[PDB]
Amino acid sequence: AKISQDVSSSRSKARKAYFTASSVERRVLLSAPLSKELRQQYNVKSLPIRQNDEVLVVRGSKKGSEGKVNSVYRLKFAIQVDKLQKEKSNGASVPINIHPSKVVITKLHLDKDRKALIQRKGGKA
Amino acid sequence: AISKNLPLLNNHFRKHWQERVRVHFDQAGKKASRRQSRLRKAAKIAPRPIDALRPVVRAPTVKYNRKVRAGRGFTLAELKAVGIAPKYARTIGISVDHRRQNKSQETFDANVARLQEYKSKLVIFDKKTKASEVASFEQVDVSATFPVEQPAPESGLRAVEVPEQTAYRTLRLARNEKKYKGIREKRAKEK
Amino acid sequence: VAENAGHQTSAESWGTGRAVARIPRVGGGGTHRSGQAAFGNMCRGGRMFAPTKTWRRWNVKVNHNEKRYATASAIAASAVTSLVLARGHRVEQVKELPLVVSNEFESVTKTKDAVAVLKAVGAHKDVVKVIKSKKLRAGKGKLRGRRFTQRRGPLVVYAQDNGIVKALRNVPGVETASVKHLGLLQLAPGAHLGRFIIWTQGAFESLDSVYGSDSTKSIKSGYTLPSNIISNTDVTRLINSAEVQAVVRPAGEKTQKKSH
Amino acid sequence: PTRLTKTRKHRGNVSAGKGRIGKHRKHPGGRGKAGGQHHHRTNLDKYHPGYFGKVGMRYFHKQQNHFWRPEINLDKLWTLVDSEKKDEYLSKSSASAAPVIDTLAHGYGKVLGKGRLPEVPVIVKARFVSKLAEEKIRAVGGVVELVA
RNA sequence: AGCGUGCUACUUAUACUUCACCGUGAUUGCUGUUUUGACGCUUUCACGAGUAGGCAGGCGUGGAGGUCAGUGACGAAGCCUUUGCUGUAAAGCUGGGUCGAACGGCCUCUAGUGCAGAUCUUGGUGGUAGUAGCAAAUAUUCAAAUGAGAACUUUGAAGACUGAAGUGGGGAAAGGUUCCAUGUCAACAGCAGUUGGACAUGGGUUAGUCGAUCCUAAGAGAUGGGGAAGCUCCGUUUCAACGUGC
RNA sequence: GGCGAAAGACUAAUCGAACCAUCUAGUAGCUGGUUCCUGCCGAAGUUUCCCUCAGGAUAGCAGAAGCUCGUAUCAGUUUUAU
RNA sequence: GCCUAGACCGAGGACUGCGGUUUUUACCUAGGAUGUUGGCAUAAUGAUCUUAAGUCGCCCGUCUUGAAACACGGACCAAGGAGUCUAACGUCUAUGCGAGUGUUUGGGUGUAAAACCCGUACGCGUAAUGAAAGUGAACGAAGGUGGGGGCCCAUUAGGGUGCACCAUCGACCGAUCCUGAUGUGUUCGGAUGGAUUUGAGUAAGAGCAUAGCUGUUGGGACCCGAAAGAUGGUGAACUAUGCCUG
RNA sequence: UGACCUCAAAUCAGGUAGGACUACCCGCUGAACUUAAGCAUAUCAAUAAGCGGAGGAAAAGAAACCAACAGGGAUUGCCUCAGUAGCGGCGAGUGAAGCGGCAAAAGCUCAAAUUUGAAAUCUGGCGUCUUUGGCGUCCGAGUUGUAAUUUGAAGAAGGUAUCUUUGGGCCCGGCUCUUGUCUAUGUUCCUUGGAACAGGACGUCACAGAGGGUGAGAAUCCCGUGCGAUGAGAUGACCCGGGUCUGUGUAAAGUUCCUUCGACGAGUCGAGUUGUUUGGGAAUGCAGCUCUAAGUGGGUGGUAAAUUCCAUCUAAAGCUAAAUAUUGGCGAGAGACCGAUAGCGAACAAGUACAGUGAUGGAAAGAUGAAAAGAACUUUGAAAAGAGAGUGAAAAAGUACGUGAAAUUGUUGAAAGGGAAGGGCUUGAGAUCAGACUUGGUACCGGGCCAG
Ligand SMILES: CC[C@H]1CN2CCc3cc(OC)c(OC)cc3[C@@H]2C[C@@H]1C[C@H]1NCCc2cc(O)c(OC)cc21
Ligand SMILES: [NH3+]CCC[NH2+]CCCC[NH2+]CCC[NH3+]
Ligand SMILES: [Mg+2]
Ligand SMILES: [Mg+2]
Ligand SMILES: [Mg+2]
Ligand SMILES: [Mg+2]
Ligand SMILES: [Mg+2]
Ligand SMILES: [Mg+2]
Ligand SMILES: [Mg+2]
Ligand SMILES: [Mg+2]
Ligand SMILES: [Mg+2]
Ligand SMILES: [Mg+2]
Ligand SMILES: [Mg+2]
Ligand SMILES: [Mg+2]
Ligand SMILES: [Mg+2]
Ligand SMILES: [Mg+2]
Ligand SMILES: [Mg+2]
Ligand SMILES: [Mg+2]
Ligand SMILES: [Mg+2]
Ligand SMILES: [Mg+2]
Ligand SMILES: [Mg+2]
Ligand SMILES: [Mg+2]
Ligand SMILES: [Mg+2]
Ligand SMILES: [Mg+2]
Ligand SMILES: [Mg+2]
Ligand SMILES: [Mg+2]
Ligand SMILES: [Mg+2]
Ligand SMILES: [Mg+2]
Ligand SMILES: [Mg+2]
Ligand SMILES: [Mg+2]
Ligand SMILES: [Mg+2]
Ligand SMILES: [Mg+2]
Ligand SMILES: [Mg+2]
Ligand SMILES: [Mg+2]
Ligand SMILES: [Mg+2]
Ligand SMILES: [Mg+2]
Ligand SMILES: [Mg+2]
Ligand SMILES: [Mg+2]
Ligand SMILES: [Mg+2]
Ligand SMILES: [Mg+2]
Ligand SMILES: [Mg+2]
Ligand SMILES: [Mg+2]
Ligand SMILES: [Mg+2]
Ligand SMILES: [Mg+2]
Ligand SMILES: [Mg+2]
Ligand SMILES: [Mg+2]
Ligand SMILES: [Mg+2]
Ligand SMILES: [Mg+2]
Ligand SMILES: [Mg+2]
Ligand SMILES: [Mg+2]
Ligand SMILES: [Mg+2]
Ligand SMILES: [Mg+2]
Ligand SMILES: [Mg+2]
Ligand SMILES: [Mg+2]
Ligand SMILES: [Mg+2]
Ligand SMILES: [Mg+2]
Ligand SMILES: [Mg+2]
Ligand SMILES: [Mg+2]
Ligand SMILES: [Mg+2]
Ligand SMILES: [Mg+2]
Ligand SMILES: [Mg+2]
Ligand SMILES: [Mg+2]
Ligand SMILES: [Mg+2]
Ligand SMILES: [Mg+2]
Ligand SMILES: [Mg+2]
Ligand SMILES: [Mg+2]
Ligand SMILES: [Mg+2]
Ligand SMILES: [Mg+2]
Ligand SMILES: [Mg+2]
Ligand SMILES: [Mg+2]
Ligand SMILES: [Mg+2]
Ligand SMILES: [Mg+2]
Ligand SMILES: [Mg+2]
Ligand SMILES: [Mg+2]
Ligand SMILES: [Mg+2]
Ligand SMILES: [Mg+2]
Ligand SMILES: [Mg+2]
Ligand SMILES: [Mg+2]
Ligand SMILES: [Mg+2]
Ligand SMILES: [Mg+2]
Ligand SMILES: [Mg+2]
Ligand SMILES: [Mg+2]
Ligand SMILES: [Mg+2]
Ligand SMILES: [Mg+2]
Ligand SMILES: [Mg+2]
Ligand SMILES: [Mg+2]
Ligand SMILES: [Mg+2]
Ligand SMILES: [Mg+2]
Ligand SMILES: [Mg+2]
Ligand SMILES: [Mg+2]
């Protein structure tokens with residue numbers, strides 16, 4: 001149960017805050033869990049998904065697929081993986097949109113800011 | 001419009017009464033916020049009590065003569081009797097009333113005893129006073145530490161003494177004397 | 001509802017003679033609202049019949065003594081196994097009611113330890129009932145912050161709180177209550193008697209000071225527990241007793257024989 | 001609750017219990033106490049005689065505190081004695097030592113004389129007493145002491 | 001088979017008689033066998049019209065507390081249906097089809113709780129009915145071109161009319177892109193349409209001399225003042241020390 | 001209020017007092033409507049007063065709740081006496 | 001007394017009763033249908049739906065003495081649609097406490113609009129009556145008489161005791177009228193005894209509080225409905241009239 | 001040749017006002033509908049509309065008060081007083097205050113005094129500094145009075161025994177406000193399904209089982225939640241706790257007693273009359289006009305007047321937090337509320353489209369699917385489209401999109417039909433549905449239904 005008077009249990013307020021979230025807030029909303037190997041390597045359990053991460057899909061029809069993130073399409077609340085494509089009868093391929101909460105990060109794209117974030121969250125980079 | 005054996009009512013609802021309906025939905029909220037104001041005010045000035053010492057005064061009218069309650073401030077004569085100037089008293093938690101006076105000795109003595117009791121329990125800090133001594137004190141409630149106490153009604157055993165004239169006769173004669181005092185005095189002056 | 005809902009129109013009745021009902025109608029032209037009925041409880045966009053007011057009565061007064069009467073009756077009902085079972089509590093593996101637990105349970109600080117104690121004392125099947133009872137609420141109340149429904153679990157009553165309230169805070173269905181402040185909303189939920197109450201020893205021993213007895217005066221000012229209008233509540237033994245059965249006439253048949 | 005009201009039972013019946021001839025209307029007969037001298041005279045004369053007219057003299061700015069004088073009778077006078085000491089007083093009371101009953105301090109202005117006292121001396125302190133109340137108090141060996 | 005009168009039989013009302021069942025009122029009994037329903041079971045008798053109206057017991061709806069550790073993506077709710085069952089009834093339950101995410105029974109609480117009507121409200125839909133009608137302003141015709149398609153478009157030939165107080169050529173008010181070219185036909189042009197003031201895309205309005213701009217007209221209206229509680233009213237050089245002078 | 005060679009004419013399809021918004025859900029003894037089932041009981045159009053006569057109050061008629069009792073002494077009837 | 005033809009029904013569900021025959025603690029026709037045979041169970045039987053036939057059946061709602069009316073609303077369908085809430089009250093009922101009662105203005109407390117706790121005042125009640133100054137409720141077993149359920153003694157009857165309540169005669173308190181003791185600020189006091197007078201009084205308290213139905217009054221007041229009235233604004237693009245300029 | 005007074009001018013130096021918002025607030029002005037069963041006083045109502053003026057609150061406020069007590073003691077609000085006293089065609093109606101309990105509490109400032117051994121006071125210019133300001137200087141204001149001193153509770157001037165108290169500026173904390181960062185436990189197995197977030201099994205965390213997202217009901221997948229921890233910015237003469245530098249303390253203030261004094265608000269009080277208002281009644285307040293004071297005087301003491309007392313305050317000048325209000329503004333949390341004809345008029349490019357010369361009036365309108373995967377391609381057709389195909393869990397989801405009722409309508413099938421049709425009762429015919437060889441027991445026992 002929530003105790004703070006600054007926390008709202010309203011369903012409408014929560015959905016409005018979700019669907020009108022800015023891109024910066026949607027970065028945090030689109031977090032993904034790390035695999036067990038990276039979780040024990042970095043001592044961090046989840047990170048906001050980033051463009052050049054490699055993920056393994058753990059739910060849905062593409063469960064078991066792996067690939068590098070191609071775009072964090074924050075407007076659609078989805079990520080597009082490298083070769084997760086649906087082929088239209090036209091012959092053209094459109095990327096399949098997958099929620100980051102339905103994948104595990106198997107390889108992190110690291111830079112000075114990701115490393116500082118990992119050390120901030122109590123992990124080891 | 002008038003029907004049956006019913007009481008005749010006075011329901012004053014012929015104006016635009018619905019524009020002036022105050023429903024106290026905020027009774028509990030006001031209680032809680034009132035408590036928070038009270039705690040903040042106390043903690044700001046602790047261990048100094050939040051209430052100034054008030055006197056004890058007789059209630060006016062023939063209906064409330066018997067009762068005694070908290071007054072507004074101690075009279076200048078009462079503070080003079082306990083050797084406190086009103087300007088100084090206002091700074092040590094004592095309330096002053098320049099308007100009240102002391103015609104009679106009983107209320108004056110009660111309030112002098114009350115002031116002396118408060119003065120014996122008063123401890124005034126200064127620059128030389130350290131936080132160990134200040135922390136050695138608790139914030140008391142003056143309104144409960146020096147409560148207003150009703151004088152006890154007389155009870156118990158006493159000797160019976162019966163005057164020759166009855167109390168009813170005494171009251172009747174007092175009424176008659178008051179009623180005819182003026183005309184009897186005029187008659188005696190004319191005579 | 002809003003005080004001016006349905007009344008933000010300058011509508012005026014057309015009167016009779018124009019082959020339409022005498023309801024007020026919107027004036028002007030050029031919009032489809034023009035000429036449409038207004039102000040009526042039967043009209044689309046009008047105000048409701050007798051619009052709801054905030055000065056409706058919401059709170060209800062109950063005599064303090066009668067409220068205490070009911071509290072005592074609910075506390076007494078918590079010790080009747082048949083009432084607790086009809087109330088729905090999974091108490092079949094509790095050896096006796098009232099269920100009194102030692103005071104170490106006033107000091108458990110982790111939900112794991114509190115759940116272990118509930119399991120030990122036989123009060124966890126009712127927690128499991130609460131867990132298994134979670135359902136989506138039927139109706140529009142789920143749009144109004146009442147999205148799920150579940151059963152009520154045991155009420156744990158303590159005398160001193162050394163972590164028990166927070167340890168049981170997250171266990172679904174479990175309520176905690178000080179013995180000093182017991183009320184009917186917890187003792188008879190749904191107006192149904194027989195709450196499954198787990199007393200700590202301190203709370204059980206404080207009950208007699210809180211409500212008084214024949215040898216102890218209640219802490220509540222001027223309060224005495226109520227008296228029943230009947231002394232022996234088992235009327236079958238009264239009827240089938242030596243005193244009563246020694247002065248009655250012999251009984252007839254359970255069913256009259258048909259003679260014609 | 002609305003589910004218990006007869007409005008729920010009148011549903012389906014045309015007139016809602018108001019009649020087909022009478023036809024529940026806005027204000028037949030007037031509003032309030034209208035026509036009390038004309039067409040509601042038969043009601044006011046029967047059930048509220050004395051309604052119209054003036055009786056007595058006015059009193060500008062009447063302060064009811066002046067007239068405060070609650071009554072206590074003699075059959076209720078011994079309830080002002082301490083309950084824990086009533087039986088002892090009723091037994092050991094004499095002319096040399098009788099209980100004092102301060103009626104003003106208990107909130108009474110006049111002692112009236114209904115009922116009977118225990119045949120026990122008492123000292124009654126009152127603002128006012130009736131003649132028979134004081135005669136009955138003196139008869140049991142007591143006294144009335146006037147106070148103010 | 002008419003009229004007056006007598007007789008016999010016969011016909012049949014929700015009436016009368018006997019019986020069954022429903023309900024109401026009364027009534028007999030029921031605890032050492034009362035026995036997990038005594039607000040129950042049971043004996044007996046009589047009675048049953050009803051507007052306005054009263055009361056009682058029930059049916060149904062939205063939401064709330066409790067309970068069924070209830071139903072449900074292996075199909076909730078909704079909807080259609082000679083699939084039927086239960087109830088005097090309000091209604092409840094069920095088979096099949098459709099459908100796709102919630103919903104119900106029971107003990108209680110609560111109310112914006114039940115529609116055939118109000119020339120009710122809003123929305124939708126008929127018959128009327130392929131009906132009334134599409135008839136003022138003289139009038140069209142042949143051929144070719146274009147086009148899937150030509151009474152209605154384009155061109156040619158003809159026949160006519162307006163007949164200079166025009167059906168001609170411009171403007172003021174008002175409109176505002178309707179102008180022009182290209183494309184174009186879903187809607188609109190009460191037939192049609194390849195055409196259009198329609199639809200789409202672009203283009204287009206050039207001033208020292210034409211207007212505005214300036215003057216004053218009837219009038220409008222600041223200032224100095226004077227009213228007015230005030231919004232503001234009067235007044236137009238007025239009881240003014242009035243030049244941003246040349 | 002205007003304006004009227006005067007018709008109560010005209011004052012934006014509005015005139016024997018324009019239009020707009022508000023007071024305003026104005027008041028109506030008057031018209032219309034007033035939503036489920038079954039069970040039991042079941043009327044009045046009469047009295048008196050009222051600027052009362054299409055309305056009220058009052059009494060009567062009706063329902064409901066009962067209460068005190070249990071053949072006590074009641075009756076839209078007869079007889080006898082008067 | 002006897003014989004004889006047909007129709008409809010079969011409620012009940014161990015025994016118990018009243019009778020009869022008694023060859024008998026047995027049997028019967030005597031406190032409500034059994035026996036036997038055939039057929040069928042892929043069906044004779046029952047229900048519903050559609051339809052025919054016979055017979056009856058006017059269009060509902062409404063106001064009304066009277067409606068199928070040549071009285072009014074209603075073309076159709078869906079969704080919406082009208083006795084509500086509040087302040088103050090009467091009766092009744094349920095509940096808590098009871099000569100008291102009401103925690104919630106407020107204070108304490110809290111798991112925080114909840115639940116729990118606290119008390120002074122105040123409201124109502126416990127005293128009435130008079131315009132008021134004022135006065136203020138026991139002769140008695142809180143009265144007598146006639147009834148009175150129940151209880152006690154009896155043993156048809158009878159006696160005792162008799163609450164609530166009913167009728168009746170009294171007593172007490174206030175008002176009104178009369179009388180007027182000892183006394184006295186000599187005009188006050190008002191003892192005592194009365195009166196076809198009067199009060200919403202006493203006469204071993206009954207109230208207070210919460211809730212429910214019903215009824216009442218004020219409120220938009222069951223829903224819709226005026227002709228009007230008022231306050232503040234907008235119009236001389238129509239039109240009326242004057243003026244200025246064409 | 002210069003002062004002074006009054007009055008002007010300047011694009012003079014520097015400022016200030018206007019206008020907006022509407023819920024509450026302070027005033028002015030001001031109806032009628034309505035109720036009285038008519039109606040005129042009255043009521044609605046000292047309300048709506050109109051006008052002027054503010055703030056976070058406003059206003060009121062430290063008695064020319066209440067009272068009549070054994071006295072209370074600024075203002076405000078609540079509960080009560082009380083539907084009472086009273087007002088009222090004494091009709092309909094209306095209607096306060098004192099006391100009492102509580103919330104909150106906070107007190108004061110001028111004018112009238114000779115500084116007179118010293119205008120000791122202040123705006124501005126100029127300069128300078130450590131700048132919400134200090135210092136220096138020069139004009140100016142001002143004696144027709146700016147400072148100190150006093151405010152009735154007093155107080156002043158003398159004398160008096162002496163005692164008690166104390167100024168300002170910075171630096172770090174704490175408190176208050178805002179804000180950044182950080183955090184437990186399954187996505188293990190089987191089945192259904194397009195998708196598991198469903199069911200089952202085994203679990204884990206829990207001071208976290210609030211809420212939301214993710215392809216269906218997810219504490220444990222994600223965000224959060226809970227618990228705290230730790231940074232940054234602010235803010236506060238008028239909060240405290242510490243430091244630190246200056247305190248120029250023969251200063252300032254209080255306290256006891258004696259003596260002499262003790263200034264205290266005028267076209268104002270008050271009175272008459274007029275109008276309005278009030279519960280205010282021979283007149284409650286306010287306003288106009290006329291009259292017009294006094295010094296133990298003046299006001300009040302709810303019945304007009306004179307006479308005599310008594311009580312209580314001290315007007316005609318001023319400031320002040322809190323408790324109180326709040327359909328507006330800003331930020332939050334909620335609900336036995338409504339669920340797209342409801343709820344605001346507006347869930348949508350809604351005060352929009354559109355109407356009106358104008359003031360103003362003012363709608364309708366949400367929903368494919370988890371994802372456009374929004375139908376490639378072939379074929380008939382002038383085209384729109386159709387037919388195949390394709391995507392999808394579903395096209396019985398194709399944007400003319402969830403479900404898809406009724407009215408109304410097409411087709412197919414069934415039936416009936418001489419100037420309506422429809423209904424009840426009854427049976428026939430046709431169709432549909434049902435049931436005992438039972439949950440029958442072992443050739444037989446016995447049973448069910450319809451009949452003789
Ligand atoms: C429809 C609501 C409006 C109207 N009402 C009522 C009157 C009023 C008066 C005010 O002062 C008198 C005032 O002052 C603040 C605000 C308001 C508000 C403002 C509000 C918009 C405002 N809401 C908050 C956020 C926001 C953001 C914007 O971008 C933005 O764009 C214009 C506007 C806003
Ligand atoms: N309050 C608004 C109405 C104003 N009417 C004034 C009231 C008139 C009555 N005066 C009362 C009689 C004088 N004592
Ligand atoms: Mg509405
Ligand atoms: Mg539903
Ligand atoms: Mg009725
Ligand atoms: Mg009617
Ligand atoms: Mg009537
Ligand atoms: Mg008359
Ligand atoms: Mg014949
Ligand atoms: Mg028959
Ligand atoms: Mg009947
Ligand atoms: Mg009826
Ligand atoms: Mg509702
Ligand atoms: Mg399930
Ligand atoms: Mg289904
Ligand atoms: Mg779905
Ligand atoms: Mg449920
Ligand atoms: Mg309704
Ligand atoms: Mg309908
Ligand atoms: Mg109807
Ligand atoms: Mg209609
Ligand atoms: Mg229509
Ligand atoms: Mg034709
Ligand atoms: Mg024609
Ligand atoms: Mg010609
Ligand atoms: Mg010509
Ligand atoms: Mg031209
Ligand atoms: Mg063109
Ligand atoms: Mg056409
Ligand atoms: Mg066409
Ligand atoms: Mg165009
Ligand atoms: Mg020119
Ligand atoms: Mg001119
Ligand atoms: Mg002007
Ligand atoms: Mg001017
Ligand atoms: Mg004329
Ligand atoms: Mg004429
Ligand atoms: Mg016109
Ligand atoms: Mg005119
Ligand atoms: Mg209405
Ligand atoms: Mg109207
Ligand atoms: Mg009439
Ligand atoms: Mg009958
Ligand atoms: Mg009529
Ligand atoms: Mg049978
Ligand atoms: Mg017929
Ligand atoms: Mg009618
Ligand atoms: Mg009629
Ligand atoms: Mg007629
Ligand atoms: Mg009819
Ligand atoms: Mg006819
Ligand atoms: Mg007609
Ligand atoms: Mg009619
Ligand atoms: Mg019609
Ligand atoms: Mg409906
Ligand atoms: Mg009391
Ligand atoms: Mg009296
Ligand atoms: Mg009595
Ligand atoms: Mg009029
Ligand atoms: Mg013109
Ligand atoms: Mg300048
Ligand atoms: Mg009104
Ligand atoms: Mg009237
Ligand atoms: Mg009327
Ligand atoms: Mg009138
Ligand atoms: Mg206004
Ligand atoms: Mg502001
Ligand atoms: Mg404030
Ligand atoms: Mg202020
Ligand atoms: Mg003063
Ligand atoms: Mg005061
Ligand atoms: Mg008034
Ligand atoms: Mg200077
Ligand atoms: Mg979900
Ligand atoms: Mg003064
Ligand atoms: Mg006057
Ligand atoms: Mg006025
Ligand atoms: Mg006056
Ligand atoms: Mg002043
Ligand atoms: Mg606000
Ligand atoms: Mg809407
Ligand atoms: Mg709308
Ligand atoms: Mg849709
Ligand atoms: Mg589907
Ligand atoms: Mg679909
Ligand atoms: Mg569809
Ligand atoms: Mg259909
Ligand atoms: Mg024919
Ligand atoms: Mg048939
Ligand atoms: Mg058949």
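What's counted below: heavy atoms across the whole structure, side chains too, no hydrogens, waters or symmetry copies. Note on naming: letters A, B, ... go to the chains in the order of the sequence lines (proteins, then strands), and numbering restarts at 1 for each one.
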- Determine whether more than 12 heavy atoms belonging to other residues, nucleotides or ligands lie under 6.0 Å from atom NZ of A:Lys2.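 Enclosed: over 12 neighbouring heavy atoms sit under 6.0 Å from NZ of A:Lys2.
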Under 4.0 Å between any heavy atoms, over every strand shown, what does [X] touch: base, sugar-phosphate, or nothing? Just pick one.
X       : answer
A:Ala92 : nothing
B:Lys44 : sugar-phosphate
B:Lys15 : sugar-phosphate
C:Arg22 : base
A:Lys76 : sugar-phosphate

- Decide yes or no, distance alone: a donor-acceptor N/O pair under 3.5 angstrom between the base of H:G98 and the side-chain of D:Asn65.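 For D:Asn65, whose side chain was compared with the base of H:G98, there is a donor-acceptor pair (under 3.5 Å).
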- G:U129 and G:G199, Watson-Crick or G-U wobble pair at under 3.5 Å for both distances? no
- Note on the structure: Per-nt protein contacts along nucleotides 217-229 of chain H (heavy atom under 4.0 Å; B base, S backbone sugar-phosphate only, - none) come out as -B--BSS-SSS--
- Note on the structure: With B for base contact, S for sugar-phosphate-only contact and - for none (protein heavy atoms under 4.0 Å), nucleotides 71-77 of chain H reads BSBB---
- side chain to side chain donor-acceptor pair (under 3.5 Å) partners of residues 142-151 of chain C, not counting sequence neighbours, each pair once: none
- Item | Selection: residues 28-39 of chain D, any non-hydrogen atom under 4.0 Å of RNA chain E | none
- Could you let me know what H:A373 is paired to, Watson-Crick or G-U wobble, both distances under 3.5 Å, or none if it's on its own? none
Any N/O pairs under 3.5 Å between the protein and nucleotides 197-206 of chain G? List them or say none.
from: G:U202; atom 1: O3'; to: D:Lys114; atom 2: NZ; distance (Å): 3.0
from: G:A203; atom 1: OP1; to: D:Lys114; atom 2: NZ; distance (Å): 3.0

Nucleotide N/O of nucleotides 351-360 of chain H paired with protein N/O under 3.5 Å:
from: H:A353; atom 1: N1; to: C:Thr31; atom 2: OG1; distance (Å): 2.8
from: H:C354; atom 1: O2'; to: C:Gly30; atom 2: O; distance (Å): 2.3

